[PDB]
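Derivation of every value follows stated rules applied to the coordinates shown; laboratory data play no part. Neighbour counts are summed over all protein chains in view; Cβ atoms, including those assigned to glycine, are modelled from backbone coordinates with ideal geometry.
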Amino acid sequence: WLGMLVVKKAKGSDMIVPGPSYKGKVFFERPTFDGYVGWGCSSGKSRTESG
Amino acid sequence: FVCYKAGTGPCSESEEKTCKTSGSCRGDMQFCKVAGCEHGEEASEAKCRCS
């Protein structure tokens, strides 16, 4: 947001690291190896236990 | 590998055979790792969950 780096969109080729419980969550980011990507949902939806 | 549809139960032979042979199915990390899977979350009415 400060203009330092550039965030990348949600690419389907990225793997989600298991272990955290994504149930009840709405948005979460994961720093990948080639940049920074995020994962979110639409209105009225949330991730499951797997995410 | 056992497949079953959420709410309905075990699916018929056609969809499970396509899930096993084609590779465009939807499953857990083990299935996506040993046979590949497509997670494009496209418009669909139901999908036989395999685990």
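Can you give the log10 of the normalised intensity I(q)/I(0) at q = 0.24 Å⁻¹, computed with Debye over equal Cα scatterers of the protein assembly as shown? Those come out to -1.41, one per q.
Within 10 Å of each Cβ in peptide B:36-44, how many partner chain Cβ atoms are there on average? Round it to a whole number, please. Don't jump to the answer; show the numbers that get you there.
Working: counts 0, 0, 1, 3, 1, 1, 0, 0, 0.
Taking all residues of B:36-44 together, the mean is 1.
Each residue of region B:24-34 was assigned a 3J(HN,Hα) from its phi angle through the Karplus curve 6.51 cos²θ - 1.76 cosθ + 1.60 (θ = phi - 60°); the sequence is 8, 7, 9, x, 7, 5, 5, 5, 5, 8, 8 Hz, with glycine and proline shown as x. Working from label points 7 Å from Cα in the Cα-to-Cβ sense, the B:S22 to A:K8 distance is 2.8 nm. Note on chain A: percent of Cα-Cα distances in each 10 Å bin, starting at 0 and stopping at the bin with the largest distance, equals 23, 51, 25, 2. Applying D = kT/(6 pi eta Rh) to chain B, where Rh is the Kirkwood radius over alpha-carbon pairs, T corresponds to 25 °C and eta to 0.890 mPa s, the Stokes-Einstein value obtained is 222 µm²/s. Close amide H contacts of B:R49 (hydrogens built in the peptide plane, cut-off under 5 Å, sequence separation of 5 or more or a different chain): B:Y4, B:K5, B:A6.
Across region A:7-12, coupling constants 3J(HN,Hα) worked out from phi with the 6.51/-1.76/1.60 Karplus curve, θ = phi - 60°, read 7, 9, 6, 8, 8, x Hz, and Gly and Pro carry x.
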